[PDB]
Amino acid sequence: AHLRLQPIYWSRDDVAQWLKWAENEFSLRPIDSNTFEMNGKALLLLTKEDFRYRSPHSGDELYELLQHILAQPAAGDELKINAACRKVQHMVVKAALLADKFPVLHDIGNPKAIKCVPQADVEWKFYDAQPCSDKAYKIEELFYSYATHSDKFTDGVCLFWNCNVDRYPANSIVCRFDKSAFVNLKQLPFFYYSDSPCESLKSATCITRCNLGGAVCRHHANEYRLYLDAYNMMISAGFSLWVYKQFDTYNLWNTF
């Protein structure tokens, strides 16, 4: 299932599993798993000749295989994408509320009145153009247009998780499925934030207590890697994340 990502997201282990899969799918002479000691990003840099030299018995086959994979990327499993999207949503909105301590959250495009951070100290308010009739009693029926509402919802923060509107207001958190709509915002770079306790990896994007000293505990390490797999699955599927321009990860480091 890892291979259902674009090869540019493949790890060293993924490339090796790719070999094993192809050896059985195409009945190839078996190649050593370390025939391509590299990740998919490096794999996309090699020439077909490098394939022939690294595997004289099946290198050309594998190259054209990689090319057929790039020419027709595999469709994603909807349940794994829902879960990925839900995981990133909770991560990101939780961090923003902790960084900037917004008093109100305006959730625009949420027909089910479900909080993605139920434990947060904030007033949560829901809006949707077509609310679920079983949740409309606590949802404002509203079609957001920047032209009509740019003067409203100016307190706290607005959340547009896959609610594609004409233009997002400046105090927004946005997920968008595939640039004039995003002028008030900036791209959200990757980060992982956790305040769960440490229990017994190097990267500047693992915002955890154990990484203040650079010695991330085994637990947050595993949780970081799970979160990066979910994030990659979402980005690889065509989502992008946008945020209010004052978003600052150093505010999250200050929570420790």
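Residue numbers here begin at 1 and follow the sequence given.
Inset, instruction - If the chain runs straight from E141 to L142, say none; otherwise bin the unmodelled deposited residues as 1 to 3, 4 to 9, or 10 or more. - result: The entry leaves nothing out here.
Legend entry - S200-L201 interval: deposited residues absent from the model: 10 or more residues are missing.
Inset, instruction - Averaging only over Cα atoms, indicate whether 227-235 or 65-73 has the higher B-factor in the PDB entry. - result: It is 65-73 that shows the higher mean C-alpha B-factor.
Inset, instruction - Name the higher of the two by mean Cα B-factor in the PDB entry, 113-121 versus 90-98. - result: The deposited B-factors put 113-121 ahead on the C-alpha mean.
Legend entry - Peak C-alpha temperature factor (PDB record), options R54, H220, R209, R29: If I rank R54, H220, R209, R29 by C-alpha B-factor, first place goes to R29.
Inset, instruction - Divide the modelled residues of the chain into thirds by Cα B-factor and specify which third, lowest, middle or highest, holds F153. - result: Middle third - that is where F153 ends up once the chain's C-alpha B-factors are sorted.
Legend entry - Among modelled residues of the same chain, the CA temperature factor third for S240: Lowest third, going by the recorded CA B-factors of the chain.
Legend entry - Third of the chain's Cα B-factor distribution that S196 belongs to, per the entry: CA B-factor rank for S196: middle third.
Legend entry - Where the record places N82 (Cα B-factor, split into thirds across the chain): Middle third - that is where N82 ends up once the chain's C-alpha B-factors are sorted.
Legend entry - For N171, the third of its chain into which the C-alpha B factor falls: Its C-alpha B-factor belongs to the lowest third of this chain's values.
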